[PDB]
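Asks: fold the following, please.
(one chain, ligands or ions: 4)
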Amino acid sequence: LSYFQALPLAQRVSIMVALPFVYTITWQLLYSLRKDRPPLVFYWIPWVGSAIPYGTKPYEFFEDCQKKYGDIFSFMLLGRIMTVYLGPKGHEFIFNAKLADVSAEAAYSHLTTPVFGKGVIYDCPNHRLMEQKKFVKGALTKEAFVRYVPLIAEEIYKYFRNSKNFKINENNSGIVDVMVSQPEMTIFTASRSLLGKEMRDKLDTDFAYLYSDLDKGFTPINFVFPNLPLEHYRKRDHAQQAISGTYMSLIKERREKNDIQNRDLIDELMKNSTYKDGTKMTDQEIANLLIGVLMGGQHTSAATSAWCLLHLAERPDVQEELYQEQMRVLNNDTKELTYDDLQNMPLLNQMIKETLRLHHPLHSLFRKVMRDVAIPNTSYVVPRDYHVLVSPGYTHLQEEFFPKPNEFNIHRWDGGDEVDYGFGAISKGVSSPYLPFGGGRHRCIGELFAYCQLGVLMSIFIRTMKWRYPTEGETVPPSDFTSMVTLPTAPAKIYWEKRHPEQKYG
Ligand SMILES: CC[C@@H](C)n1ncn(-c2ccc(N3CCN(c4ccc(OC[C@H]5CO[C@](Cn6cncn6)(c6ccc(Cl)cc6Cl)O5)cc4)CC3)cc2)c1=O
Ligand code: HEM
Ligand SMILES: [Cl-]
Ligand SMILES: [Cl-]
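Replies: Numbering: from 1, shown residues only. Ligands and ions are numbered 1, 2, ... in the order given. See the structure here:
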C-alpha cells in the first residue's frame, strides 16, 4: 500500500471504486463456506444485490436460481437477504410457519401502517389481526353478497353511461385503456358496496384526489424507505388523516341517529368489533381498518379484471362460450343478475380462476425471520433478521403442475383437515400448487368478495360488449412486476362494441 500512492490518479481511483466490489465478492466467497446456510445467489453490485433480475422478471429469476441451487436459495435485495422456498413444500414452510419463527407484521408494517393508520392489521399483535379478520367477515356473508350484487351492477352501469371512457348511451364502439377503466370501476363498486352510498358519492367530488394521494404512498419503494421528507409522503399522511377522519365523521353521524343497519362494512364494524377480552375497537381504528380492507381489494381486483379482459380480447370463442352460459343462467337476459346466478355460472368462475392462475397479482409474499429456523430435511438454518419469501404464483406457471402453463384454458378447471386461527375454519394444509389467495393464518378473507365483484363485472362485460385488440395479431401484453401487484404494461387498449346498440344503460 506504499506502492499504491505512487500510481497515477486514474489508477488509484479505479482501485478505490473497485474496492467495494472486491469486498462483496470476497464476502460471498466466504459465505459459501457455510453449509448450514442456503446458497446465496451470486451478485456483482454491492447492496443492490439481485434487485434488477428479481425486480423485472421474478419468475424467470426464480427458475434460473432453481436450476442451479435447488428449491431453497437466498438472494441479496437492497441490503436485505431474502430466502426463497419454492414449491408446495415452501408454501407449507412459510404459510404454515409458527408465530415464534416468522412474522408477517414485522415484514409489512413499515409499508402499510402509514397508509392505513395505527392500531389495525399489521400495527397490532397477530391475535388482534385474527379478530379484525373475524369482524370484517361479518360483512362478507352470502346474505351480504345477495345485497351487494345489484349495487355493484348499478355502479358498473352508471360507469358505462357517465365515464368518458365509454359514454355507452352515445357510442356503439370505442377504444378503452383497461388500465384506466378497471382501477376506476373497482373503487366505485367496492365503495358503494363496502363503504355505502355516502362514501361512494364523495368519489364524485374533489375528495377522490385524497384516494389518489393515499395510493401514491403505497408503492414498493416504501418497502425500503418507509419515511423520507418527500412531497408524496406528505400527501399520503394527509390523505390517511382526511379519509379516516371522514369515515369517523360518518360513523359518528350514524351513531347519533342510530342509523345502523345491515348495509355495508361500516354497519358491521359498528355492531361487531368487540374483542374476545371484552375490549373493543375505537372509531379511529374502525376507520383505519376500513382503509386497509378497501386498499387490499383495490389493486388485486383491478389488476385481475384487466387481465380477464385482455385474455378474452384474443379469444372470441371463449367470449361466445361465456355469452351462451349467460343466456342459459339469466334466461336470455330477461332475469336480473343475482348472487345465486353467479354461483351457477361455472364457466365464468373458471375463467376468473384461470386468469388468477396465469396472473397471481402478488408474486412475492414475505415474512421476517424472528429467530433462527432450521429447514426440515436440509442442513440449512435461516437466521434471525432474514426474510423468507414464498411465491405460489411461480407454481401456477410450472409445467409439472399445469400442462402448457402459459396457455389460457378455462376448461382445465372443469369439475382435508381444517383449523381455526380465529376468523373461521380454513384448510389446515397449504401444499396445493395453486394459492391465489394464500393460506394459513394470513390467508385472504376477501376471496368471495373478489369472486362476487369480478363475477358481476365480467358477467356485465360479456352481456354488454364484444371486444378484441385494435390491431390484428396483437396479443396479451407483458407484465410489469415492479409495482405493488403484477399488472399489465400500460396502456392496454381494447376495441369494444355494444351487443345491443339500442340498449340504454344507467
Ligand atoms: C432497482 C431495480 C428495480 C427494477 N427493482 N428492484 C427491486 N424491485 C422490486 C422489488 C420488490 C417488489 N415486489 C415485492 C413486494 N411486493 C408486495 C408484496 C406483498 C404485498 O402485500 C402483502 C400484504 C400487504 O398488502 C396486502 C395485499 N393484499 C392482500 N389481499 C389483497 N391485497 C394487504 C393485506 C390486508 C389488507 Cl387489509 C390490505 C392489504 Cl394491501 O397483503 C404487496 C406488495 C410488490 C413487488 C417490486 C419491485 C424493483 O422494481
Ligand atoms: C383477486 C383478488 C385478491 C387476491 C388475489 C388476493 C390475494 C391475497 C393474498 C395472497 C393474501 C395473503 C398475503 C400474505 O400471506 O402475505 C391476502 C390477504 C388478505 N387480503 Fe386479499 N386478495 C384479493 C382481494 C381482496 C379483497 C377484495 C379484500 C377485502 C375486501 C382482501 C383483503 C385481504 C385481507 C384482510 C388479507 C389478510 C392479511 C393478513 O391476514 O395478514 N383481499 N390476499
Ligand atoms: Cl343518457
Ligand atoms: Cl375465510
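
Asks: close to ligand 4: what parts of this protein are there?
Replies: 424, 445 (Cβ under 5 Å from the ion). All C-beta atoms are positioned from the backbone trio N, CA, C, and that covers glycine.

Asks: point to the residue nearest the middle of the chain.
Replies: The residue lying closest to the centre of the chain (Cα atoms, centre = their mean) is residue 300, at 3.6 Å.

Asks: residues contacting that residue?
Replies: By Cβ atoms under 8 Å, 6 or more residues apart in numbering, residue 300 lies in contact with 361-362, 446, 450, 485.

Asks: quick one: residue 368 is in a strand?
Replies: Yes: the assignment for residue 368 by DSSP: H, G, I helix; E, B strand; the rest coil puts it in a strand.

Asks: who are the packing partners of the helix or strand hosting residue 19?
Replies: Here residue 19, judged by DSSP states H and E, is contained in helix 9-31. The contact analysis (3 or more Cβ pairs under 8 Å, 6 or more residues apart in numbering; DSSP states H and E) places helix 9-31 against no helix or strand.

Asks: residue ranges for the strands of the stretch 1-150 of the chain, please.
Replies: Here the stretch 1-150 of the chain has its strands, by DSSP state E, counting those that start in this stretch, at 72-77, 80-85, 102-103.

Asks: now the ones you listed as a markdown table including distance to residue 141?
Replies: Rendered in a markdown table, the data for the strands of the stretch 1-150 of the chain read as follows (distance: least, Cβ to Cβ, whole Å):
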| stretch | distance to residue 141 |
| --- | --- |
| strand 72-77 | 40 |
| strand 80-85 | 35 |
| strand 102-103 | 30 |
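
Asks: got the ones you listed as TSV, with mean neighbour count and distance to residue 309 columns?
Replies: Below are those laid out as TSV (neighbours: other Cβ atoms under 10 Å; distance: least, Cβ to Cβ, whole Å):
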stretch	mean neighbour count	distance to residue 309
strand 72-77	23	33
strand 80-85	22	32
strand 102-103	20	37
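
Asks: okay, buried residues for the biggest helix by length in the chain please.
Replies: Criterion DSSP state H: the longest helix present in the chain is helix 283-313. For helix 283-313, the buried set under the neighbour-count rule, 16 or more other Cβ atoms under 10 Å, comprises 283-313.

Asks: give me the angle between the helix holding residue 19 and strand 80-85.
Replies: Orientation check (axes from the mean of the first three to the mean of the last three Cα atoms, to 10 degrees): helix 9-31 against strand 80-85 gives 40 degrees.

Asks: hmm, back to that, looking at the strands of the stretch 1-150 of the chain, which is nearest to ligand 2?
Replies: Closest to ligand 2 of the strands of the stretch 1-150 of the chain is strand 102-103 (Cβ to the nearest ligand atom; 10.4 Å).

Asks: residue 193 and residue 497, how far apart?
Replies: For residue 193, the distance to residue 497 equals 29 Å [Cβ to Cβ, to the nearest Å].

Asks: I'd like to know how far the residue nearest to the centre of the chain sits from residue 165.
Replies: 21 Å.

Asks: and if you look at residue 92?
Replies: With Cβ to Cβ as the criterion, residue 92 and residue 165 are 44 Å apart.

Asks: give me the contact list for stretch 214-227.
Replies: By Cβ under 8 Å, 6+ apart, stretch 214-227 touches 78-79, 110-111, 114-115, 232-233, 235-237, 239-240, 243, 291, 295, 298, 482-484.

Asks: the helices in the stretch 101-250 of the chain, which residues?
Replies: 104-116, 126-137, 142-162, 178-190, 197-202, 208-216, 221-224, 231-257 (DSSP state H, counting those that start in this stretch).

Asks: CA atoms only: put the shortest one into CSV for me.
Replies: Written as CSV, here are the backbone C-alpha positions of helix 221-224 (Å, rounded to 0.1, in the frame of the first residue of the first chain):
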residue,chain,number,x,y,z
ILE,A,221,-40.2,1.9,-2.8
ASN,A,222,-41.9,2.3,0.6
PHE,A,223,-40.6,-1.2,1.5
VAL,A,224,-37.0,0.1,1.5
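
Asks: what comes up buried for it?
Replies: 222-223.

Asks: that one and ligand 2 in contact?
Replies: No: shown here: helix 221-224 not in contact with ligand 2 (Cβ under 6 Å from any ligand atom), separated by at least 13.0 Å.

Asks: so how far is that helix from its chain's centroid?
Replies: Distance, stretch centre to chain centre, for helix 221-224: 16 Å (Cα atoms, centre = their mean, to the nearest Å).

Asks: strands along the stretch 301-450 of the chain, start to end?
Replies: Going by DSSP E, counting those that start in this stretch, the stretch 301-450 of the chain shows strands at 365-369, 373-374, 381-382, 387-390, 418-420, 425-427.

Asks: who wins for proximity to ligand 2 among those?
Replies: Of all those, strand 365-369 sits nearest to ligand 2, with 3.7 Å by Cβ to the nearest ligand atom.

Asks: what residues does this structure have near ligand 1?
Replies: Contact residues (Cβ under 6 Å from any ligand atom) of the chain with ligand 1: 51-52, 55-56, 108, 112, 121, 220, 223, 292-293, 295-296, 300, 362, 364-365, 444, 446, 482, 484.

Asks: what's the closest non-adjacent residue to the closest residue to ligand 1 within the stretch 401-506 of the chain?
Replies: Nearest residue of the stretch 401-506 of the chain to ligand 1 (Cβ to the nearest ligand atom) works out as residue 482 at 3.3 Å. Once flanking residues are discounted, residue 482 sits nearest to residue 55: 5.4 Å by Cβ to Cβ, 6 or more residues apart in numbering.

Asks: quick check, that neighbour in contact with residue 486.
Replies: No: taking contacts as Cβ atoms under 8 Å, residue 55 lies outside contact range of residue 486: 11.4 Å.
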